[PDB]
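Undergrad: pasting the first chains of the complex, positions unchanged:
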Amino acid sequence: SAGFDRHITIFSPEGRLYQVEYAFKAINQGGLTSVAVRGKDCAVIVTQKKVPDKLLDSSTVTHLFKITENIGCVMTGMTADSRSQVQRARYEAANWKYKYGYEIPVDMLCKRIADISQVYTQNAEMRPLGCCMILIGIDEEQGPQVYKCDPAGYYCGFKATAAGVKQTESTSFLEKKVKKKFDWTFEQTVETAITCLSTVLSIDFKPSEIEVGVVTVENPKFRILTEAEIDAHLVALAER
Amino acid sequence: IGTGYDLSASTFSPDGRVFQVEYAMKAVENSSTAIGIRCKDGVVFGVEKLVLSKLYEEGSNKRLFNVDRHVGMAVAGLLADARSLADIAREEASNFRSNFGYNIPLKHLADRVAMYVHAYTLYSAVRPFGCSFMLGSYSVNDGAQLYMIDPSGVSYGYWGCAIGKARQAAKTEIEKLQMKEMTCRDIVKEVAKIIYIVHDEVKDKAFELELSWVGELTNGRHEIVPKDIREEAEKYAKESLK
Amino acid sequence: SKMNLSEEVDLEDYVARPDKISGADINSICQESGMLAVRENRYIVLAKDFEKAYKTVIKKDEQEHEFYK
Amino acid sequence: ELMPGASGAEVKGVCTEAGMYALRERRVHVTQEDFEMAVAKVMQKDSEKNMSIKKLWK
């Protein structure tokens, strides 16, 4: 029955790899939560910020990073694992640019990093980097993409996704929003993401507890939403 | 208690946590207390070094390394682990200088060393570095930064932080201190008195105080506090501790 | 049979749904239907509480991580 | 010949099941078809459903 949860490379009866699910729970162990939503020509990622004390430099506690000039990323889970994962992603993106001479698409980047994670989960020489990944970007002839990678090596495209402690409730709220079949303009995408986080946390957050990154077709550069712009967006949402 | 899952650093727990990293956390928490504060134009460091026997020479087990000419190094935990970490950080800074031709930014050096200490966390044939260390630097075109990297591999930027058995106490005592305005002169005294109050005399006595800083006051160069400034800081600590 | 009249609910369609449910599960579905009818205070079951009972009994919640399938 | 590796108890069970197949149709005689279905019913056993497991060995 049990006792097979010790080694990553050990298949339990009924073919269940426990250690992978243990890493999936280590993702929630980070204590945070993030969501990503994609519109017709925009893709917004927004994550919660917890600051135990003003003693920290808030400019260096960012949880969303920049893989390339036009591909953004946000992650949750073990933060050191997250930083290693973004370092590997940047390496892979630049190496792809070198080898093939054009910018890495989001789908292929997620595929390659998920292949890396699968190789990690296949041999017992690694701990499988227990941190989730969410990438956003724009590709010609396809539009915006939102892509999620997990320590299991599973990657998929998402019209809107989530990660963290509130995975299930955020996904349910996003389901409720998506089944209404609405266009999701840029402002309304950001609004829906912020409302998702607020309702799933029930905090009605102050604007200083959030970082947002968006990518649009008119602004392919992965722009991190500064304090003034997030203030505008969420105060307008509060008044709207 | 996590028995059966804490024997290796590559095995997760049902709660989803690597217990070897938490045990390194505990090892750091059971060590001496070191603090650092970043002034307007530089950073300063303070260490509560416990002299375990009077037989040791003054300055034995120097806990304030200097990774680069402009980069400080304050550590806590295992001294051997700390020396190995300082050595690999020095190697990383030297490689950065050799390849890129200019001084390594403190944020980039902290990122690289945190990546390395993480690489020593997720294996099974190695053990996580059981020491938390501080990083401080001052650049005229970049500014002054402070970074705390623990065996978990995380590298956050702190205004001024502490590591050791007096973590929470030094947090509370440094919160009331307003930090952003003054320079090293009006912060070394504060660091000295904080270190002298957090230390407990009834148990774990016989400690000596050592300070280091980097900034334009020393032309962006990390070095030990000069003897005159050290003794005036000690005098301020004595008068303030009454 | 001992139940109250079901006001013309698609019992045959409920049967036609492919679900690996035992006779105990069917008894549970009917029992849940009765409980819901009592809770909302109406003696004649209709498709709403019968459907809610069906979802409750045969839930078969998995949540299984996607990499398995 | 239709009962390869069948114990004597299974042979008696085959006789009994053929008799019951006769009984169900409210007859008293037993035909060859009755014995054939009795052999099929008594000796019925669960095989390896998964062909992949069964093809582990050459």
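TA: Received the coordinates, thanks. Numbers count the residues shown, from 1 in each chain, chains lettered A, B, ... in the order given.

Undergrad: near chain A, which residues of chain B?
TA: B:4-5, B:9-18, B:107, B:111, B:114-115, B:118-119, B:121-124, B:145-147, B:152-161, B:171, B:174-175 (CB under 8 Å from any CB of the partner chain). Quick note: C-beta positions are derived from backbone N, CA and C, even for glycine.

Undergrad: Please report how far the closest residue to chain A within chain C lies from residue A:121.
TA: With CB to the nearest CB, the shortest gap between chain C and chain A falls at residue C:67, namely 3.6 Å. Using CB to CB, to the nearest Å, residue C:67 is found at 9 Å from residue A:121.

Undergrad: So between the two, which is more surrounded?
TA: residue A:121 (22 against 19; other CB atoms under 10 Å in any protein chain shown).

Undergrad: what residues are up against that one?
TA: Residues counted as contacts of residue A:121 (CB atoms under 8 Å, 6 or more residues apart in numbering or on different chains) are A:8, A:17, A:19, A:20, A:128, A:151, A:152, A:153.

Undergrad: so which helix or strand takes in it?
TA: For residue A:121, the enclosing helix or strand under DSSP states H and E is helix A:106-122.

Undergrad: Between residue C:67 and residue A:121, which contacts overlap?
TA: Joint contacts of residue C:67 and residue A:121 (CB under 8 Å, 6+ apart) are A:20, A:152, A:153.

Undergrad: Of these, which is the nearest to chain C?
TA: Distances from chain C to these, taken by CB to the nearest CB, are shortest for residue A:152, at 3.6 Å.

Undergrad: Here is chain E, add it in:
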Amino acid sequence: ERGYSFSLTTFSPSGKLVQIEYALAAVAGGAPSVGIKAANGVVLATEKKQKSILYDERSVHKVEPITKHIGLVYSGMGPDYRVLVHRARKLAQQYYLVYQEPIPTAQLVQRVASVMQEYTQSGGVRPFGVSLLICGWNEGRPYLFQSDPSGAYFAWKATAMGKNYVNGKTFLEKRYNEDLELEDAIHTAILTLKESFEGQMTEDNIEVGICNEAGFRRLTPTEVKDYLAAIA
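TA: With chain E now in place:
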């Protein structure tokens, strides 16, 4: 029997390696998939059903082409299937480079089975939790093979592995005939998916691919919807 269900290099006293059987059990718990060899071609189908319609179904594909005439479908893990796809593509391209000729599906199945079994050689690496279905057309003959985590490879007139594989196999053996046509083969594959699909297959809920004298092509969602309407 417990002490021998932990390593891939130790024989159980009675039978054989238990980790291989456990990987096969992982395969059996995957998404149902069927493959049918018609007289003129081969078809393979699988269900893409997943909760949270937020998921972009076009992003990933369970039916992928290896070369101009070889396609494959899995039943089990996703990432292991992706790794198997990469390895199979590499082997096919190596064979093409050395022989300057499209790789016959039999040789591809042998090489990919060797690749999967090479992960069963030693401990510290786990066997792939994925069973493959290989469809191909060459020498005027459609071929259908199944590759196993154990490295065993065998041919199949019409099979169905994954979840509810036993009922699918019973249905196929009650439905499949050697003189089947490609369109009726696709119809039978879709019906085999349907009987255990649990949720009214849509144009995107299932993914099918066909292979014939004109090579292997994964069917577009429009043709899948047309076939679904025809079956109804």
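
Undergrad: Once more for the contacts of residue A:121, now including chain E?
TA: So residue A:121 contacts A:8, A:17, A:19, A:20, A:128, A:151, A:152, A:153, E:79 (CB under 8 Å, 6+ apart).

Undergrad: Name the SS class of the fourth one, please.
TA: Which is residue A:20. When classified by DSSP: H, G, I helix; E, B strand; the rest coil, residue A:20 comes out as helix.

Undergrad: And the closest residue to it other than its chain neighbours, how far from chain B?
TA: The spatially closest residue to residue A:20, leaving aside those adjacent along the chain, is residue A:152, at 5.0 Å (CB to CB, 6 or more residues apart in numbering or on different chains). From residue A:152 across to chain B, the span is 13 Å (CB to the nearest CB, to the nearest Å).

Undergrad: Let's verify residue A:152: helix, strand, or coil?
TA: Classified using three-state DSSP, residue A:152 is coil.

Undergrad: number of nearby residues for it?
TA: For residue A:152, using other CB under 10 Å, the count is 24.

Undergrad: can you check the one 10 residues further on too?
TA: Residues contacting residue A:162 under the criterion other CB under 10 Å number 29.

Undergrad: what do you get for residue E:158?
TA: 26.

Undergrad: Might you report the residue contacts of it?
TA: So residue E:158 contacts E:34, E:35, E:36, E:37, E:144, E:172, E:173, E:176, E:188 (CB under 8 Å, 6+ apart).

Undergrad: mind running it again at 6 Å?
TA: For residue E:158, the contacting residues are E:36, E:172, E:176, by CB atoms under 6 Å, 6 or more residues apart in numbering or on different chains.

Undergrad: Not counting its neighbours along the chain, what's nearest the second one?
TA: The one in question is residue E:172. Nearest to residue E:172 is residue E:158, by CB to CB, 6+ apart, at 4.6 Å.

Undergrad: Also, this goes in as chain F:
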Amino acid sequence: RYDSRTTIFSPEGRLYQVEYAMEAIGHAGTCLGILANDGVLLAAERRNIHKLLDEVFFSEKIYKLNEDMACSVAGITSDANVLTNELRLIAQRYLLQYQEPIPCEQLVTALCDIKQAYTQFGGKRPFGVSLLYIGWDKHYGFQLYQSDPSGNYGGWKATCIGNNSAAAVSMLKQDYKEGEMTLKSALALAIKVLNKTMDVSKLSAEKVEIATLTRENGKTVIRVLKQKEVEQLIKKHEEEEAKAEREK
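TA: Chain F goes in next, on the same frame as the chains above:
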């Protein structure tokens, strides 16, 4: 206990992992080979033909290795394929180095050395495969060798390995006239053995896999019995059995 990795020794001296590799062959399909005066053959059982196997194949159990070499396999499929590939590799390497077809003894010893190396050291599970090599050479004419997962081998004139191999070989040795069997008598004996050793009252030609090696006119020809040929052989045997039982 001493049932850990194969590189362990029981206090009584037994190699338990090797022993389990031995006993594992009893789960494999039954295959046998008989040495006749002017020919050799390999008879094997197709244990797994459910309803829908393509039969796109030349032989599953029997594997041809060289223009003079053929063998039957019995064990795990993966180890079977690996061992057959290595057999082809070593045979062709000998052909390249010496410009001569490899002797049966030399090739069998090479494979058995590989198998022993897989149980001698390295912490690797031994090949759970037993082989029946068929071939001809100028050194000893027609030879039959039975391999072994332990890395041993033996020269035989009649040998059966697989399920019910003990009873099959016992009756075979009870009913073998050494030095006075042609190909036809050997084929009839093999059919009778497969009848007595398989769990079917009337075995079908599909479940039977027979390949014959015969040297004639300067060259050795390896052919598997066609469906019509094997059907004719089994029907000849069943009418012979009917004649035997009516005479009794």
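
Undergrad: what do you get for the contacts of residue A:121 once chain F is counted?
TA: Contacts of residue A:121 by CB under 6 Å, 6+ apart are A:20, A:128.

Undergrad: Quickly note the distance from it to residue B:115.
TA: 21 Å.

Undergrad: residues near the residue of chain B found nearest chain C, how many?
TA: Here the residue of chain B nearest chain C is residue B:16; by CB to the nearest CB that distance is 12.9 Å. When neighbours are defined as other CB under 10 Å, residue B:16 has 19 of them.

Undergrad: picking up where we left off before, so in that sheet, which strands flank the following helix or strand past the helix holding residue A:121, and in what orientation?
TA: Sequence order places strand A:131-139 as the next helix or strand after helix A:106-122, per DSSP H and E. Here strand A:131-139 is paired, per DSSP bridges, with strand A:71-77 (antiparallel), strand A:143-149 (antiparallel).

Undergrad: The one helix or strand residue A:90 maps to to strand A:143-149, inter-axis angle?
TA: Using DSSP H and E, residue A:90 falls within helix A:79-100. Counting by axes from the mean of the first three to the mean of the last three CA atoms, to 10 degrees, helix A:79-100 lies at 130 degrees to strand A:143-149.

Undergrad: Could you point out the helix or strand that follows the helix of greatest length in chain C?
TA: Scanning chain C for the longest helix, with DSSP state H as the assignment, gives helix C:23-39. The C-terminal neighbour of helix C:23-39 among helices and strands, as given by DSSP H and E, is helix C:47-57.

Undergrad: other SSEs contacting that next one?
TA: Other helices and strands packing on helix C:47-57, by 3 or more CB pairs under 6 Å, 6 or more residues apart in numbering or on different chains; DSSP states H and E, are helix C:23-39.
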